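See structure below.
All Cβ positions, even for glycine, are placed from backbone atoms using ideal geometry, and neighbour counts span all protein chains on display. Nothing in this text is a laboratory measurement; each read-out follows from the coordinates by a stated rule.
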Amino acid sequence: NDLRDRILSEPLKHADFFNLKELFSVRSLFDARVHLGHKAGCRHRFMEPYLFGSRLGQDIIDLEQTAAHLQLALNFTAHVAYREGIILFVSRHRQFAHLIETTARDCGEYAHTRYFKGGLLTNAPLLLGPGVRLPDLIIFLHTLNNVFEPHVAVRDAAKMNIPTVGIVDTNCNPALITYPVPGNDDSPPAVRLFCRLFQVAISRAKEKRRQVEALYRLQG
Amino acid sequence: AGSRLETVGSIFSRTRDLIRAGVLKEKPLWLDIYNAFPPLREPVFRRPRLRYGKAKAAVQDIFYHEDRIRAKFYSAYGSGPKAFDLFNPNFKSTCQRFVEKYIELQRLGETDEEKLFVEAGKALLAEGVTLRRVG
Amino acid sequence: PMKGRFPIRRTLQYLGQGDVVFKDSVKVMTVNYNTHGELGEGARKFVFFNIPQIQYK
Amino acid sequence: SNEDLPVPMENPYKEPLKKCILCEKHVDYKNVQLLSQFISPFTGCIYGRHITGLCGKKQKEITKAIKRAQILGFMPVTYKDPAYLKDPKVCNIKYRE
Amino acid sequence: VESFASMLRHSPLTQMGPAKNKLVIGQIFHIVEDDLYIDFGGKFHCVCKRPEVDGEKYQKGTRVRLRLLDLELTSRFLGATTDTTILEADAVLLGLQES
RNA sequence: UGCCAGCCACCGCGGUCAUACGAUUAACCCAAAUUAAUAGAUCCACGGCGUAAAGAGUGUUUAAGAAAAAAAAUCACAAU
Ligand SMILES: [Mg+2]
Ligand SMILES: [Mg+2]
Ligand SMILES: [Mg+2]
Ligand SMILES: [Mg+2]
Ligand SMILES: [Mg+2]
Ligand SMILES: [Mg+2]
Ligand SMILES: [Mg+2]
Ligand SMILES: [Mg+2]
Ligand SMILES: [Mg+2]
Ligand SMILES: [Mg+2]
Ligand SMILES: [Mg+2]
Ligand SMILES: [Zn+2]
């Protein structure tokens, strides 16, 4: 019991505990197309401070800010993954649905990429089962649904006291998301990048869990 | 139960002060991790108000003097015969060659446009690129 | 009072708090001030604030 | 001290503003040919902007000109003059399909 | 350390400037009967209609010669807050990756 | 008793089963007073003016006020 509180309160005192710093760089995100947005017509008003500049009408995200955020993002994702909790990947994007689902099953993590039944999080017990435990962490690969509105699960998770980590694009509304990462949700090498980054963050977290649990078992 | 008001404040606020009154007797996981690493801004609900009047954006459009040269390169010859690739990280087309020839002709002390243009054009006719010369 | 742009000076308190009292010799007072300049600035400020206190007392 | 920053420059790639077929030309009511081109052959009607495709100024001058050529007696009201039916075709009207 | 703006500056997309009537090289990642989905690499893919000229040659992994018209397709419409994107770009198929 | 006799400050109650009427019974609240009627005290707007009551059919000036710097450029052409 005491040493359980040990095993949990240990990783919080070292910012680098999973060493995710090495997973990517400014160059990494740059060859990943991340820095590209939609047109300055389509731009969101809350996407101004994360933006860098308008190059001939096409917006450009700031990849130094992106790096700074994404750091905290994977930091958090890993940190819930070690603490043994649920993670759900949401996207409405049909291009990448298969990629994300494959990412989820391979993390041993959950994905809803499909039509989102309205009361899923709001009304769990009737929809999912008589009593149920709910995802501790949601992760958005897009903040949109195919009609270009904010995806429900933003609002819903926000209502359900759940943190959220997602990739905002030039046209998304960030304000209700826990940890945003400014970036490109539209282009394929980008989503592949993000898929694998989150994936690895997870794998590392669960590994460290197995090993520090082995340590806990050897200590006695 | 909890607080389902999405607007009122950041989930941190709602949760922390909820616990604080003793209504919620179980601390969630994410609350402790969040205490450890607070994110840049607190995720508080904001209303997407449109702008009226003389209020405009804060964005700085992106331009360099290189582009002031590329403008004339395109103005004369058109897009480069090498086509383009956005696959290759370090790729540089005919236009880039022209830009750097013009730069190294600029440190030479020639203030005149036609000199820089046509002599970087012969500087390009040396390296093996074909400038179509469109009217 | 809402209307007025410094309504705190239409308060009864603000009138009795501002302190200058005049001698028994002083009877008429003229304030001659200017509209446009940065050199008449504090004077117009004197009009817009203190004349109230003076006059009340 | 980072010299790779952006320049507060005006747009170099700025295109030339497009021009009406008469842009910086001049119209008088003494050439009935020019005025004929902008008129409907069978009717004697005056084509709108969406056909001629001229700026506001040049359209209004074309029109004032058509009227002034008509009442003084330079140009016929009820039809295009036969001589000019075979002139060059500016307008976007296809009558015959 | 490379400053980000430094990376932006020399990147092959900036050297292009306006996408208008550009010569671009691209690659096909996906096929439907008549329709080739072509990534030239900018952000969005464009789309093409397979020609009568060597129809069977354009395939999965095939590279093609694009004439880029618009970087991305967008316009604003009556009484709208923001515009409407096609999630596509406009490009023409010239020939296939002539080598 | 049965839209009858009546009752109420406002809403309203009585048309055959009325907790509103007349009379019981229980209760409630004032108390050597208690109710009714009439006057007071109190009560608008430091609010407002598209659709609700409210921006005069228009312009200028007198009185009377208010004020940092910018505050004269042209018809895309149909004032009188
Ligand atoms: Mg009767
Ligand atoms: Mg009875
Ligand atoms: Mg009563
Ligand atoms: Mg009774
Ligand atoms: Mg009052
Ligand atoms: Mg109003
Ligand atoms: Mg009245
Ligand atoms: Mg009026
Ligand atoms: Mg009047
Ligand atoms: Mg009247
Ligand atoms: Mg004023
Ligand atoms: Zn014109």
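Cα-Cα over 18 Å: which of D:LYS18/D:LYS57; D:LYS89/E:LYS20; D:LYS14/E:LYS22; D:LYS60/D:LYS94?
D:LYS89/E:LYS20; D:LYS60/D:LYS94
Any chance you could get the radius of gyration and Dmax over the Cα atoms of the protein assembly as shown, in Å?
So, for the protein assembly as shown, Rg and Dmax equal 34.3, 116 Å respectively.
What average number of partner chain Cβ atoms lie no more than 10 Å from the Cβ of the residues making up A:155-167?
Shielding by partners across A:155-167 averages 4.
Taking only Cα atoms, what is the 0 to 90° angle, nearest 10, from helix A:63-82's long axis to the longest principal axis of chain A?
The angle comes out near 30 degrees.
Which value does Rg/Rh take for chain D over its C-alpha atoms, Rh per Kirkwood?
That ratio equals 1.28.
Give the residues of the range B:19-62 whose amide nitrogen is closer than 17 Å to a point set 7 Å from the Cα of A:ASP5 in the direction of its Cβ.
Residues B:26-29, B:32-33 qualify, since their backbone N sits under 17 Å from the label point.
So how many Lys-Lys pairs in chain A land under 18 Å Cα to Cα, not counting same-chain pairs under 8 apart?
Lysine pairs, 8 or more places apart or on different chains, close enough: 5.
With a 10 Å cut-off between alpha carbons and a GNM built on chain A, which of A:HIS14, A:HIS69, A:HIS93 moves the most?
A:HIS14
I'd like the antiparallel share, as a percent to the nearest 5, of DSSP beta bridges with both residues in the protein assembly as shown.
65
What do you get for the angle between helix A:97-107 and the principal long axis of chain A? Use alpha-carbon atoms, 0 to 90 degrees, nearest ten.
20
Quick one: grab the alpha carbon gyration tensor of the range A:97-151, order the square roots of its eigenvalues as a ≥ b ≥ c, and give me rounded if a/c is under 1.5, else prolate or oblate depending on whether a/b is larger than b/c.
It is oblate, given that a/c is not under 1.5 and a/b is not larger than b/c.
Given the -39500 (n - 2.57) contribution per DSSP H run of 4+ residues, what per-residue ellipticity at 222 nm results for the protein assembly as shown, rounded to the nearest 500 deg cm²/dmol?
-10000 deg cm²/dmol
Mind giving me the nanometre distance, one decimal, between the label points for D:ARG49 and B:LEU5, set 7 Å out from Cα along Cα→Cβ?
Taking the simple label geometry, D:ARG49 and B:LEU5 are separated by 5.2 nm.
Can you sort D:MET9, A:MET47 so the residue with the fewest Cβ neighbours within 10 Å comes first?
Least crowded to most crowded, the residues run D:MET9, A:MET47.
Pull out a ≥ b ≥ c, the square roots of the eigenvalues of the alpha-carbon gyration tensor of chain E, then state rounded if a/c is under 1.5, prolate if not and a/b is larger than b/c, and oblate in the remaining case.
Because a/c hits 1.5 or more and a/b fails to exceed b/c, chain E counts as oblate.
Please give, to one decimal in nm, the separation of the simple spin-label points placed at B:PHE87 and B:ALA71, each 7 Å out from Cα toward the Cβ.
3.4
Considering only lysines 8 or more places apart in sequence, or on different chains, count the pairs in chain B whose C-alpha atoms sit under 24 Å apart.
So the count of such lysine pairs works out to 13.
Where does the longest stretch of chain B lie that holds no GluC sites (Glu not before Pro) found in a DSSP loop with 16 or fewer other Cβ atoms within 10 Å?
Free of exposed loop sites, the longest segment is B:27-109.
Could you work out how far helix D:56-71 tilts from the main Cα principal axis of chain D, as a 0 to 90 degree angle to the nearest 10?
The angle comes out at about 10 degrees.
Taking chain B as a Gaussian network, where each spring joins two C-alpha atoms under 10 Å apart, which residue of B:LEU105, B:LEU125, B:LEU24 fluctuates the most?
So, out of B:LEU105, B:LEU125, B:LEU24, the one fluctuating most is B:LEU24.
In the range E:4-99, which trypsin sites (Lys or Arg not before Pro) fall in coil by DSSP and have 13 or fewer other Cβ atoms within 10 Å?
E:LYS57, E:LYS60, E:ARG76
For chain A, set up a Gaussian network in which alpha carbons nearer than 10 Å are linked by springs, and say which option among A:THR143, A:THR102, A:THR164 fluctuates the most.
A:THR102
Which distance in Å, rounded to a whole number, links the C-alpha centroids of the range D:34-54 and the range A:189-215?
Each part reduced to its Cα centre gives a spacing of 72 Å.
Return the whole-Å distance between the Cα centroid of the range B:1-69 and the Cα centroid of the range C:4-37.
Computed from Cα coordinates, the inter-centre distance equals 49 Å.
For a test of the definition: using alpha carbon positions, the gyration tensor, and the 1.5 limit on a/c, classify chain C as rounded, prolate or oblate.
Judged from the Cα gyration tensor, chain C comes out oblate (a/c at least 1.5, b/c at or above a/b).
What is the log10 of I(q)/I(0) for the range A:1-106, computed with the Debye formula using one identical point scatterer on each Cα and no solvent, at q = 0.10, 0.12, 0.17 Å⁻¹?
For the range A:1-106 at q = 0.10, 0.12, 0.17 Å⁻¹, log10 I(q)/I(0) is -0.44, -0.61, -1.04.
Give me, ordered by chain and number, the residues 5 or more places off A:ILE61 or on other chains with an amide H under 5 Å from its own placed amide H.
A:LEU36, A:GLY37, A:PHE52
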